[PDB]
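A single chain comes next, written as structure tokens; it is the form deposited in one PDB entry.
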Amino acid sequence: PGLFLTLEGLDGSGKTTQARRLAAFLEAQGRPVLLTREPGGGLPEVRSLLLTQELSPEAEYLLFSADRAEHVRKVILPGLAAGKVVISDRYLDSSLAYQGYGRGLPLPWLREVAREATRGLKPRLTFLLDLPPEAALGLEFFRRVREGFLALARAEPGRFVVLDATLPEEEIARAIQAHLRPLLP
């Protein structure tokens, strides 16, 4: 059956660190794990394309989406099918927060693109590492992005678990572990 988990937040929020520690904890539990990330998990070359100077928000989202489509199809769905716990460091919510809340793109369009792109795959849980924006385009943009993530979590409070990114790393990892314990047996 597998289990799909994501870690989200601004760059420098510790989401990469936590993804990694989660992968290792679950592994010690004897659970097969597949650790992945966006962007690049589908099309590693998308990382080049994404840095294009003055890229329109629409084009940026579409590149993220192309990578995501490939990632879901070639990496994530097959990992779940094999019974793995698949953990992604960034997924759809990142796009929604950066390209939607940050760059202003309409959420409904983002979600319609995403519906075929992802084959409707949602994570069972998403751990949001909430980081003050000054610790991450400029400050106004990162404020919109930070708040955007918080908006998405309010909106799907069953799937999101919001954690304070300024806590010590080992306390964050323990909180992730406690939200996860019920879903393992």
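Start at 1 and count along the sequence shown; that's the residue number.
In the deposited entry, the stretch joining residue 136 to residue 137 is interrupted by 10 or more residues of the deposited sequence lacking coordinates. Once the C-alpha B-factors are averaged per stretch, 62 to 70 and 127 to 135 rank with 127 to 135 first. Here the stretch with the larger average CA B-factor, out of 34 to 42 and 48 to 56, is 48 to 56.
When all modelled residues of the chain are sorted by CA temperature factor, residue 121 is found within the middle third. Ranked against the other modelled residues of its chain, the C-alpha B-factor of residue 146 as given in the entry falls in the lowest third.
Same protein, other form: the form solved in complex with a small molecule, not shown, and the subject of what follows.
The candidate spot formed by 26, 84 and 123 is out of contact with the small molecule in the deposited bound form: none of the three has a heavy atom within 4.5 Å. Interface membership of residue 16, defined by any non-hydrogen atom within 4.5 Å of the small molecule in the deposited bound form, is confirmed. Residue 162 falls outside the set of residues with a heavy atom inside 4.5 Å of the small molecule in the deposited bound form. Although the partner is absent from this view, residue 175 stays clear of the small molecule in the deposited bound form, with no non-hydrogen atom inside 4.5 angstroms. In the deposited bound form, at least one heavy atom of residue 10 sits within 4.5 Å of a heavy atom of the small molecule.
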